[PDB]
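Report on the structure
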Amino acid sequence: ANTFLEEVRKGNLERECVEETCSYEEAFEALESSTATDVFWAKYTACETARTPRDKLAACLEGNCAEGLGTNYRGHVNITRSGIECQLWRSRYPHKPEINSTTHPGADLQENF
Amino acid sequence: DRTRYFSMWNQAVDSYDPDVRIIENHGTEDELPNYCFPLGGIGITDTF
Ligand SMILES: [Ca+2]
Ligand SMILES: [Ca+2]
Ligand SMILES: [Ca+2]
Ligand SMILES: [Ca+2]
Ligand SMILES: [Ca+2]
Ligand SMILES: [Ca+2]
């Protein structure tokens, strides 16, 4: 955002929307891949507490750790705290989830992760 | 005399500039720089 003459130089997704509080416009401009754009947005949002420092935002981009209540987690662990198998979020077996893939598509709902 | 101009007879001698025919290359005089600052007075700034 700062260093006004940045909009004439080429840019770095990391030298605009990472090491600096950025516009989703410059984010949109730099991303275009609107799926990953939503991903980066989701990042930003969850990383709202990971805005600083820089390496914290880098880790929040890695996504292996759940931020706060766990909106950002994108790992491969699909097991409950006590070893019970996780039911498919979209499937109705054995429970029909009021809160499921249709209601939360932006969390990247995997098989049972 | 010929270095004066009379309009009535359209009388005005034709001559070349002395420097055009014989150049005198003395370079220039550019010891000091010569800069163009930005309108506000400070360009890039920062928040504090
Ligand atoms: Ca900037
Ligand atoms: Ca900017
Ligand atoms: Ca900068
Ligand atoms: Ca731009
Ligand atoms: Ca830019
Ligand atoms: Ca950097």
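- Judging from the entry metadata, cryo-EM is the method by which this structure was determined, and 3.7 Å is the reported resolution.

- As named in the PDB entry, chain B is Hexon protein, taken from Human adenovirus 6.

- As recorded by the PDB entry, chain A carries the name Prothrombin and is attributed to Homo sapiens.

Observations regarding the nonpolar core
All names here are of chain A.
- Counting residues in each nonpolar core, the largest one holds six residues, listed as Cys17, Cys22, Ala27, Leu31, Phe40 and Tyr44.
- Mapped onto this core, the elements with two or more residues apiece are helix 2 (24–31) and helix 3 (34–46).
- With sequence-adjacent residues up to four places away left out, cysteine 17 is seen in contact with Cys22, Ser23, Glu26, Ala27, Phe40, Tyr44 and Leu57.
- Counting residues in hydrophobic clusters, the runner-up holds five residues, among them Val18, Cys47, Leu57 and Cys60.

Remarks on unusual backbone geometry
All names here are of chain A.
- The omega torsion across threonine 52 and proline 53 is -5°, close enough to zero to call that bond cis.
- With respect to the secondary-structure elements, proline 53 resides in the loop between helix 3 and helix 4 (54–62).
- In this structure, the amide linkage connecting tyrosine 93 to the following residue, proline 94, adopts the cis form with an omega of -5°.
- With respect to the helices and strands, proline 94 occurs in the segment after helix 4.
- A positive phi is found at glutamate 32, a non-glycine position, where the angle reads about 55°.
- Within the element layout of this structure, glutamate 32 appears in the loop between helix 2 and helix 3.
- With a phi angle near 55°, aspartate 108 is a residue other than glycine that sits in the positive phi range.
- Residue classification places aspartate 108 among the partly exposed positions, given a relative accessible area of 43%.

Things to note about the pattern of salt bridges
Residue and element names in this part refer to chain A.
- This structure, assessed with the given rule, holds three salt bridges over all chains.
- Of the charged contacts in the structure, one is a salt bridge between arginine 51 and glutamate 48, with a shortest N-O distance of 2.3 Å.
- Across the salt bridge formed by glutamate 111 and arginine 90, the nearest N and O atoms sit 2.4 Å from each other. Separated by 21 residues along the polypeptide, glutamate 111 in the segment after helix 4 and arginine 90 in the segment after helix 4 bring together distant segments of the chain.

Comments concerning the UniProt feature "disulfide bond" in chain A
- At 2.0 Å between sulfur atoms, A:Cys17 and A:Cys22 form the disulfide that UniProt records. When sorted by exposure, A:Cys17 lands in the same class as A:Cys22, which is buried.

Observations concerning helix 3 of chain A
- Over its 13 residues, helix 3 of chain A extends 18 Å from the first C-alpha to the last, a length consistent with the 18 Å expected when each residue adds 1.5 Å.
- Of the surrounding elements, those touching the buried residues of helix 3 of chain A are helix 1 (13–16), helix 2 and helix 4 of chain A.

Quick look at the environment of A:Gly106
- Mapped onto the elements of the fold, A:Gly106 is located in the segment after helix 4.
- When the C-alpha positions of A:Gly106 and A:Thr35 are compared, they lie 9.5 Å apart, and in sequence the two are 71 residues distant.

Digging into the side chain of A:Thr37
All names here are of chain A.
- The residue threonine 37 is located in helix 3 in this model.
- Judged by relative accessible area, which is 6%, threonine 37 ranks as buried.
- If we ignore the near neighbours within four places in the chain, the residues touching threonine 37 are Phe28, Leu31 and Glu32.

Parameters and conventions
Residues numbered from 1 in each chain as written, not as in the entry; some residues may be left out. Chains lettered and ligands numbered in written order. Part of a larger assembly, values for the part shown. Heavy atoms only, no water. Residues with missing side-chain atoms left out of burial classes, pairs and counts. Core = buried A, V, L, I, M, F, W, Y, C linked by side-chain atoms within 4.5 Å. Buried < 20%, exposed > 50% of the residue type's maximum accessible area, 1.4 Å probe, protein only. Helix = DSSP H or I, 4+ residues; strand = E, 2+ residues; numbered from the N terminus. Contact = heavy atoms within 4.5 Å. Salt bridge = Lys/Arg side-chain N within 4 Å of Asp/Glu carboxyl O. Disulfide = S-S within 2.5 Å. UniProt positions renumbered as here; feature names shortened; annotations may be inferred. Expected span 1.5 Å × (residues − 1).

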